[PDB]
Protein chains: 2
Amino acid sequence: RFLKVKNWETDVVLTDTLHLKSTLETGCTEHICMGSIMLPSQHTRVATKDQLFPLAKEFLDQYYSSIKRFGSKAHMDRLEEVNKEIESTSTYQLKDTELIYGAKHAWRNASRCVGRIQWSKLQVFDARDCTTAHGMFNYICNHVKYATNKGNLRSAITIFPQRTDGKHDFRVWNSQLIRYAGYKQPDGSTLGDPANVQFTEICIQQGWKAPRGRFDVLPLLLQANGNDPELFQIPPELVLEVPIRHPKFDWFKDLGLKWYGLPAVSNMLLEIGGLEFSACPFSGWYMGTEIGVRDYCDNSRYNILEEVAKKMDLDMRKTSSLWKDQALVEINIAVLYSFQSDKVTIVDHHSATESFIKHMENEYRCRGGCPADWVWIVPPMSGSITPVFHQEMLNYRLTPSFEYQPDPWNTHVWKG
Amino acid sequence: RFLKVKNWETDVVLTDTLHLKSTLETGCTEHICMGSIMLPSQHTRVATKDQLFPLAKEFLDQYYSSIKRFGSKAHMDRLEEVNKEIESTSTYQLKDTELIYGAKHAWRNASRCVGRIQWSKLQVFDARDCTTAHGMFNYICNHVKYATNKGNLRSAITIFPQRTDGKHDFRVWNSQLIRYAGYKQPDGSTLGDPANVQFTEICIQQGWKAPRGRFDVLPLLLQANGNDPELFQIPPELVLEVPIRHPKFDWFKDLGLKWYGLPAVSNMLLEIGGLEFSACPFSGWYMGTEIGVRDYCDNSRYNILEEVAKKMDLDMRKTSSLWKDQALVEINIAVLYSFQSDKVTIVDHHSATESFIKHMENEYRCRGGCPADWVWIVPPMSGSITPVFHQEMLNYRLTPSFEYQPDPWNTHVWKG
Ligand code: HEM
Ligand code: HEM
Ligand SMILES: N=C(Nc1cccc(CCNCc2cccc(NC(=N)c3cncs3)c2)c1)c1cncs1
Ligand SMILES: N=C(Nc1cccc(CCNCc2cccc(NC(=N)c3cncs3)c2)c1)c1cncs1
Ligand SMILES: C[C@H](O)[C@H](O)[C@H]1CNc2nc(N)[nH]c(=O)c2N1
Ligand SMILES: C[C@H](O)[C@H](O)[C@H]1CNc2nc(N)[nH]c(=O)c2N1
Ligand SMILES: [Zn+2]
């Protein structure tokens, strides 16, 4: 009931009581651990009025506890107010302050996110008066511009109107506001980004004129108030890009690679007080490995280890020459170097993982715990030479939270 | 009840029914996942006669099912026999065949072991007639010699008499039959292997004449039938060692490093049919990263990244030059190269992880599943460029099994 997690490198012991406030479920039982299932059903999302108030009260109490008026008149009257409103409409509306708190704490509670030492420095844009896809494009363009901020990136979330009936949902159909296109070839190979080949097709179906190349920024596909979604091109001047060069190998420019500065995830669902925001795109900045190892080296992604190893003159015959490992370290030094030489915010896996340990200590102290998903916190390269490898982590689902949700094209009831 | 695990690189789906035969517990609940706690209490070990028969029957049934005589006369009479013997002595004795099956299947069930594609090629040495520490030394020397086999390593386990009352326990007090000594310094630094500094002290207390250097093979500390443990020196001619050179950097020999060929874990507890074998040392061969990344580069181990980076002329000022990563790939190419150039069995993390995927497929097919601990299966470097990174794994505890147990010097009731 008062659990202990240890670091097996520093011998530090932290005690976790926060897990007791845990609400959601994990997928694990006492007979089976599912800590490596990607999308557990407890991580995915018509909610009634009988369920809604406990959720609303649960949220309202931790908000008023947080600002040092738990049970004050303000708390009880707002408790009374929201209760009355859930009667009138079997739903309710977050105060602007409650919206910002909820958003920041969904981030704070994201157990797979190594970047949460920044969780309270988040810019919340209230887009809940938005009614049209054109409104959404506008809000999203102003998110991109503010967050990019000339390479000195700033975290930000834009929160569109909450779900209501279920039909009238706002959804951004992109997985990220900025993503490169994926076109497959006649021979069956893939041009661009194999991850988005299905989405690229959907855009082409709605009428995208594809400039079938490599690093082609996809258009936005915006669904407002349940209607069929609509194509919009982000002004290219808002899309900041970094050309990838190496600080020692001048042939690295010849590879002619570039990635985008602003990672901005748009397919997730934000939950606050039992209210569901189906469109809530959020941006921060990149940890280096996300692009260098995953984006660039996943076999089912760009898969360049092949080529980079060629230009390094690497013994590619035997697996045990570790040539894949050696091409991977170089590709990640060049991602970092390229981004920094342009003053575009990026963080390396060593600095990020040390900050998360530092953040974890703060959380156990001032908050009693910190949910953490080891399988996701540990970088996809150089695992054990980063401090998180040797940190025991307890994982559990607190709310407010970010959740997965189906892709709109598996769920949307069409009419056009 | 029929769970699905997916590979997110090949899109392969395997279905798991074996988890239904799961007996032990995991530490996870539906409110908390503990898949990154090192030693969960369900992984650690006076068992009565009322508990003993179900366990004995459970084991006996899967053994007779395995050899295609489930319920045959042989099965029922052996069921009757063992029941009768658990009456007479509230314990019982494994047939030589049941001992070999149990041992091979404890390995087969080890969910943290990436090497299990070999699980049925295991040499079981029955040391259950052993009565003295001198007997144990002899059995262990013959294990070392057989398993090493001139560098062409062979898997093997030596099984000492089962626990009985609790006092009269056989224990090898070494964590591994072969380990380098750890002496700390006047200035407080550490000479040799910081992991074994406490054990080295214990050997010095029982009267080891320490040759306080770097790679000093520790003596064996053997406890037989509950008595105080006793020091024995493995004949140095039985301890095969590999000098670590690099295939490109000739200064790498100057580093003057060597590791031992034979990894052989001796502090674990083998469980078969409710019987407990407190001493059961087992050996296979190394995956490269165990020495190159963990042994050599853990901060609380040998911690040579410092030095290797110096000789590479690496920018050690900024964390984000990835110099630690770059020194780590080289150190692992040299471990592999050194071991292979001497025909000493070793496996690289790429070849090992691909075999485990291949093994996992066989197990789901012919057995209905394969317990796997992602946190441990994924190598401590180059994670996502190995296929196990993207393999969803279900973890659960099947028996026969290998379990942890306290260090004998926290439990042993002394008299000498
Ligand atoms: C500020 C800089 C940030 C950094 C450096 C960072 C870093 C990371 C990384 C490396 C991951 C691993 C996910 C993957 O590899 O695909 C992750 C996951 C995640 N981050 Fe953070 N992040 C940042 C900001 C944010 C913000 C602003 C939010 C929300 C407001 C957020 C919420 C999440 C969530 C919900 C996940 C993973 C959940 C899942 O996929 O199931 N992050 N982050
Ligand atoms: C034959 C070659 C083998 C290879 C290449 C291999 C590889 C590995 C590796 C890399 C680990 C990770 C543990 C660590 O990093 O400390 C591991 C764990 C383990 N192996 Fe295997 N192993 C082999 C043979 C065996 C044998 C012969 C047995 C028993 C009969 C065994 C049982 C285990 C167990 C019980 C664990 C981990 C359990 C724990 O620490 O909680 N292995 N193995
Ligand atoms: N389908 C595949 N994986 C896969 C499937 C479903 C989901 C996922 C997880 C994708 N999370 C993206 C993500 C989420 C949160 C943060 C980040 N990062 C960042 N810095 C930021 C992005 N915004 C603000 S911060 C990135 C991966 C594969 C294909 N091929 C090999 S795996
Ligand atoms: N105390 C620390 N860790 C730690 C603590 C307790 C336990 C452990 C796990 C040790 N498993 C050793 C082990 C088990 C099984 C297989 C192998 N490998 C092999 N190939 C083989 C060895 N025999 C046959 S095959 C290695 C690690 C640390 C100190 N500093 C940073 S972590
Ligand atoms: C805290 C965490 O559980 C610990 O570092 C684990 C992680 N995974 C591991 N995996 C292996 N193979 N060996 C280990 O020692 C560890 N250590
Ligand atoms: C199957 C496994 O759960 C999958 O590869 C996970 C592992 N850990 C990860 N960690 C991060 N940061 N991102 C990922 O996509 C994944 N993928
Ligand atoms: Zn779990």
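Computed from heavy atoms alone, side chains included, the values below leave out hydrogens, waters and symmetry copies. Order of appearance sets the numbers: ligands from 1, and atoms from 1 within every ligand. Chain letters run A, B, ... following the sequence lines, proteins first and then strands; every chain starts at 1.
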Going by the order shown, which atoms of ligand 1 are within less than 4.0 Å of some heavy atom of A:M287?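 Result: 10 (C).
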
Below 3.5 Å, N or O to N or O, backbone or side chain included: is there any such pair between [X] and ligand 1?
{"X": "A:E290", "result": "no"}
{"X": "A:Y404", "result": "yes"}
{"X": "A:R112", "result": "yes"}

With heavy-atom distances below 4.0 Å as the criterion, list the atoms of ligand 4 near [X].
{"X": "B:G284", "answer": "24 (C), 25 (S)"}
{"X": "B:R294", "answer": "32 (S)"}
{"X": "B:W376", "answer": "9 (C)"}
{"X": "B:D298", "answer": "31 (C)"}
{"X": "A:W8", "answer": "1 (N), 30 (N), 31 (C), 32 (S)"}
{"X": "B:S300", "answer": "29 (C), 30 (N), 31 (C)"}

A:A352 near ligand 1, heavy-atom distance under 4.0 Å?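 Heavy atoms of A:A352 never come under 4.0 Å of ligand 1.
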
Any A:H43 heavy atom less than 4.0 Å to ligand 1: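 Yes; A:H43 lies near enough to ligand 1 that a heavy-atom distance drops under 4.0 Å.
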
Around [atom], find the nearest protein heavy atom and jot down its residue, atom name and distance.
{"atom": "atom 7 (C) of ligand 1", "value": "A:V114 CG1, 3.8 Å"}
{"atom": "atom 11 (C) of ligand 5", "value": "B:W376 CE3, 3.4 Å"}
{"atom": "atom 1 (C) of ligand 1", "value": "A:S155 OG, 3.7 Å"}
{"atom": "atom 3 (O) of ligand 5", "value": "B:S36 O, 2.8 Å"}
{"atom": "atom 8 (C) of ligand 4", "value": "B:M38 CE, 4.1 Å"}
{"atom": "atom 28 (C) of ligand 1", "value": "A:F282 CD1, 3.3 Å"}

Need the ligand 5 atom indices (1-based, order shown) with element for anything under 4.0 Å from a heavy-atom of [X].
{"X": "A:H390", "value": "1 (C), 5 (O)"}
{"X": "B:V375", "value": "7 (C), 8 (N), 9 (C), 10 (N)"}
{"X": "A:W374", "value": "2 (C), 7 (C)"}

Indicate the atoms forming the closest heavy-atom contact of [X] with [Y], along with that distance.
{"X": "B:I37", "Y": "B:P40", "value": "O-CD, 3.7 Å"}
{"X": "A:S120", "Y": "A:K104", "value": "O-NZ, 2.7 Å"}
{"X": "B:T44", "Y": "B:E403", "value": "N-OE1, 4.3 Å"}
{"X": "A:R179", "Y": "A:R301", "value": "NH2-NH2, 3.3 Å"}
{"X": "B:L262", "Y": "B:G284", "value": "CD1-O, 4.3 Å"}
{"X": "B:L153", "Y": "B:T345", "value": "N-OG1, 2.8 Å"}

Could you give the distance from OG1 (A:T15) to NZ (A:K4), rounded to the nearest 0.5 Å?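 Interatomic distance, A:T15 OG1 to A:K4 NZ, rounded to 0.5 Å: 4.5 Å.
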
Students often mix this up, so state it plainly: with edges at 30° and 60°, are the rings of [X] and [Y] parallel, tilted or perpendicular?
{"X": "B:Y286", "Y": "B:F339", "value": "perpendicular"}
{"X": "A:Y296", "Y": "A:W259", "value": "perpendicular"}
{"X": "B:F125", "Y": "B:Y146", "value": "perpendicular"}
{"X": "A:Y101", "Y": "A:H105", "value": "parallel"}
{"X": "B:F402", "Y": "B:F282", "value": "tilted"}

Do [X] and [Y] have side-chain N/O donor and acceptor atoms under 3.5 Å apart?
{"X": "A:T289", "Y": "A:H349", "answer": "no"}
{"X": "B:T319", "Y": "A:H350", "answer": "no"}
{"X": "B:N174", "Y": "B:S266", "answer": "no"}
{"X": "B:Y302", "Y": "B:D193", "answer": "no"}

If you scan the protein for heavy atoms around atom 29 (C) of ligand 4, do you find one that is closer than 4.0 Å?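 At least one protein heavy atom is under 4.0 Å away.
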
Nearest protein heavy atom under 4.0 Å from atom 25 (S) of ligand 4, yes or no: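 Within 4.0 Å: yes, protein heavy atom nearby.
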
Given that the side chain starts at C-beta and the backbone is N, CA, C, O, which of these parts of A:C113 lies under 4.0 Å from ligand 1, counting heavy atoms, or is it both or neither?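 For A:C113, the contact with ligand 1 is made by both the backbone and the side chain.
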
Counting only heavy atoms closer than 4.0 Å, does ligand 1 sit against the backbone of A:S283, its side chain, both, or neither?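 For A:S283, only backbone atoms sit under 4.0 Å from ligand 1.
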
Can you confirm, on distance only, whether ligand 4 has an N/O atom lying under 3.5 Å from any N/O atom belonging to [X]?
{"X": "B:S283", "answer": "no"}
{"X": "B:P263", "answer": "yes"}
{"X": "B:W285", "answer": "yes"}
{"X": "B:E290", "answer": "yes"}

Does A:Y260 reach the main-chain N or O of A:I178 with its side chain, forming a donor-acceptor pair under 3.5 Å?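 Yes, because the side chain of A:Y260 sits within donor-acceptor range (under 3.5 Å) of the backbone of A:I178.
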
Strictly distance-based, threshold 3.5 Å: is any side-chain N or O of A:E9 a donor or acceptor partner for the main-chain N or O of B:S300?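 Pair absent, no side-chain N/O of A:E9 close to backbone of B:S300.
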
Using a heavy-atom cut-off of under 4.0 Å, does the side chain or the backbone of [X] touch ligand 4, or both, or neither?
{"X": "B:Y404", "result": "side chain"}
{"X": "B:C113", "result": "neither"}
{"X": "B:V265", "result": "both"}

Would the number of heavy atoms belonging to other residues, nucleotides or ligands and lying under 6.0 Å from CD of B:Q176 be above 12?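 Yes.
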
Should the heavy atoms of other residues, nucleotides or ligands under 6.0 Å from NZ of B:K6 be counted, would the total exceed 12?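 Enclosed: over 12 neighbouring heavy atoms sit under 6.0 Å from NZ of B:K6.
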
Under 3.5 Å, N or O to N or O, is [X] touching ligand 5 that way?
{"X": "A:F389", "value": "yes"}
{"X": "A:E392", "value": "no"}
{"X": "B:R294", "value": "yes"}

For atom 35 (C) of ligand 1, which candidate among A:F402, A:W376, A:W107, A:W285 holds the nearest heavy atom?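 Nearest option to atom 35 (C) of ligand 1, by heavy atoms: A:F402.
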
Would you call A:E363 and A:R116 a salt bridge, using N to O less than 4.0 angstrom?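 Not counted as a salt bridge, because no side-chain N and carboxylate O are separated by less than 4.0 Å.
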
Does at least one non-hydrogen atom of B:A264 fall below 4.0 angstrom from an atom of ligand 4?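 It does; at least one heavy atom falls under 4.0 Å.
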
